[PDB]
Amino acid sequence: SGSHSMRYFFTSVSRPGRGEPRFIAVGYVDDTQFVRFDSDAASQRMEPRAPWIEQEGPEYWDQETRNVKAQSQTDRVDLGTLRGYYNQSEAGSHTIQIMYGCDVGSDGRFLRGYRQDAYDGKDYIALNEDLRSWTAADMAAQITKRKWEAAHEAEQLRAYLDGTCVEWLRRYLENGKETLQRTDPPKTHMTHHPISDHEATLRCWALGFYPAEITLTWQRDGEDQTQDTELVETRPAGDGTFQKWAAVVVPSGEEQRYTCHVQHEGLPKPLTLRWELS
């Protein structure tokens, strides 16, 4: 709590006979996007997406643009290599996904680093939390692991994940402190929707919260209900906050027996919500 992260997400998607692969790079501080590159957008530059990063100079934008474009070229070569390892044709569209970054404490101290790679939406290879070894998902990925071990890839990446990554994350938190060093606890309420004369949906709501992590749980007489609960994915409002809900179908007249429990880092107590007619 009061922890922070910097994360970059990359997606390369091949489109044989329709051009070079689509490449999309996104950077986030905590749950706030600050940069993007999209091969299909107008500029072919890394571009600002938060007002505090705009104050960076032309040399910052030049270097990020060159660096992001080299990530793109590597992924494009990898799309060819992995197609060979998995023995797939030149005609289908394939996907490489990559995420890496670092976490720090509320005092700016390194907590951890991570990098994970996927191929066609499944684990390919990951850097382990010790930042000195890899885990491959299958025997194709172990060929990559051998190359990366021989080339000492983890040692160069580690110096970025616990040095460069952390110091820039500390800079961005400072440059953006008015916006990024905030916690918005969820504004919660409960709604009630009959589905018949004899049953109704209780929906437990959390709105306006930041950062995005939250837990919503239904209990009946204090016994868990996780298998009869509908949960939706935590969704963005578009103003920098998030929303979520969880619902349970109940017998009309037994509403007061159910409770909804809300856990967010910005909440003094865990909240307990209950539908009471009287």
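The numbering used is simple: start at 1 and walk along the sequence shown.
**Student:** Read off the CA B-factors in the entry, average them over 116-124 and over 203-211, and name the higher stretch.
**Tutor:** Going by the record's values, the stretch with the higher mean is 203-211.
**Student:** Report the stretch with the higher mean CA temperature factor, choosing between 84-92 and 180-188 on the basis of the entry.
**Tutor:** Stretch with the higher mean C-alpha B-factor: 180-188.
**Student:** Can you pull the Cα B-factors for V26, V68, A246, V249 from the entry and say which is highest?
**Tutor:** It is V249.
**Student:** Take the CA temperature factors straight from the PDB entry and tell me which of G57, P236, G253, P48 peaks.
**Tutor:** The record points to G253.
**Student:** Would you check the entry's CA temperature factor for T32 and let me know if it's in the chain's lowest, middle or highest third?
**Tutor:** Lowest third.
**Student:** Where does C102 sit by CA temperature factor within its chain: lowest, middle or highest third?
**Tutor:** Lowest third - that is where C102 ends up once the chain's C-alpha B-factors are sorted.
**Student:** Taking the values exactly as deposited, rank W218 by C-alpha B-factor within its chain and report the matching third: lowest, middle or highest.
**Tutor:** For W218, whose C-alpha B-factor we compare with every modelled residue in the chain, the answer is the highest third.
**Student:** Tell me, lowest, middle or highest third: where does the Cα B factor of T74 rank within its chain?
**Tutor:** CA B-factor rank for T74: middle third.
**Student:** Tell me, lowest, middle or highest third: where does the Cα B factor of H198 rank within its chain?
**Tutor:** Highest third - that is where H198 ends up once the chain's C-alpha B-factors are sorted.
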